[PDB]
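As you go down the protein sequences, you meet chains A, B and C in turn. Just add 14 to the spot in the first sequence (first one is 1) and you have this note's numbering. Residue 9 in this note's numbering sits at position 25 of the second sequence, and the numbers go up by one each step. Residue 1 in this note's numbering sits at position 17 of the third sequence, and the numbers go up by one each step. All C-beta atoms in this analysis are idealised placements derived from N, C-alpha and C, irrespective of residue type, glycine included. Heads up, the thing below is written out as structure tokens.
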Amino acid sequence: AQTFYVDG
Amino acid sequence: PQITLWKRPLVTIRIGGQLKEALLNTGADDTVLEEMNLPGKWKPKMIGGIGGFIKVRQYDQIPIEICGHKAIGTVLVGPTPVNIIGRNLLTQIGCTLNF
Amino acid sequence: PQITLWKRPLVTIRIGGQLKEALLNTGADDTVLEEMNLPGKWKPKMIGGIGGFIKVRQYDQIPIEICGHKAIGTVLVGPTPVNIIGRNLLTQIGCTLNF
């Protein structure tokens, strides 16, 4: 599956 | 609106005079849109996730509309599979998590 | 509760007897925790996100407590930068997005 944690 | 999470919480956004589907992403600090030719000045950025980092272009002061709600801020543009609405704009539209 | 997004939606969870902090992540289909020991059988799996694909251990039917709310579902363990609660469990505690 897909896991769109974004660390900015 | 109230969006349940059985499915990926996808919405319509208006950006740079385009209509687009994007993910409402409480896990994202920033907003990352798929490759697009925004006019404007930008700086390079690296952003991280599960598997590493990608380079994106940072555009500041970009007006955007999320499901009829207007906002304006930073948008990163790069090779993401999915348009991602991060917290920087989700706070602007009054969005919360409720349980 | 109602949870605003000026800061990362971080919560305490109890899994396997242990407390940890985790990010409420509406942009993840799945729940992926930092490396740790969990009891039971696990299957090897791969998931992807920004920066690409990782290898993980899949535990099915794991009980977890999230801000006092009980879930029992698939939990993934691997080199994620942050503990992530995805929609598979967020639906179980009755989480919605509201604005």
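Measure the alpha-carbon distance for residue i versus residue j and round it to whole angstroms.
| i | j | result |
| --- | --- | --- |
| B/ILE77 | B/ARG(-8) | 19 angstroms |
| C/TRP(-10) | C/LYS27 | 37 angstroms |
| C/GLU18 | B/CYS79 | 28 angstroms |
| B/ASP44 | C/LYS25 | 48 angstroms |
| B/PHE83 | B/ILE46 | 32 angstroms |
| A/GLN16 | B/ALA6 | 14 angstroms |
| C/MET20 | A/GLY22 | 25 angstroms |
| B/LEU81 | B/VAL40 | 28 angstroms |
DSSP has residue i in a bridge; who is on the other side?
| i | result |
| --- | --- |
| C/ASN82 | B/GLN(-14), B/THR80 |
| B/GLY32 | A/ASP21, B/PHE37 |
| B/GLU19 | Paired residue(s): none; B/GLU19 is not in a bridge. |
| B/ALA12 | A/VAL20 |
| C/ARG(-2) | C/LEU3, C/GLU49 |
Thinking C-beta only, is residue j closer than 8 angstroms to residue i?
| i | j | result |
| --- | --- | --- |
| A/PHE18 | C/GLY57 | no |
| B/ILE48 | B/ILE(-13) | no |
| C/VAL(-5) | C/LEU8 | yes |
| C/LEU74 | C/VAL16 | no |
| C/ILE38 | C/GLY62 | yes |
| B/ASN72 | B/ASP13 | yes |
| C/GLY36 | B/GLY36 | yes |
| C/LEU22 | C/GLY1 | no |
| C/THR64 | B/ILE34 | yes |
| B/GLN42 | B/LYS29 | yes |
Hey, does residue i have any beta-carbon neighbour from chain A nearer than 8 angstroms?
| i | result |
| --- | --- |
| C/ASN9 | yes |
| C/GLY32 | yes |
| C/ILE77 | no |
At the 8 angstroms Cβ level, is residue i part of the contact set with chain C, yes or no?
| i | result |
| --- | --- |
| residue 88 of chain B | The question about residue 88 of chain B has no answer, for chain B in this structure spans -15 to 83. |
| B/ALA12 | yes |
| B/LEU3 | no |
| B/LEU17 | no |
| B/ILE46 | no |
Can you tell me which of the three DSSP states residue i falls into?
| i | result |
| --- | --- |
| C/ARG71 | helix |
| B/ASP44 | strand |
| B/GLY62 | strand |
| C/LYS54 | strand |
| C/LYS27 | strand |
When you compare the CB of residue i with every CB in chain B, is at least one pair closer than 8 angstroms?
| i | result |
| --- | --- |
| C/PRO65 | yes |
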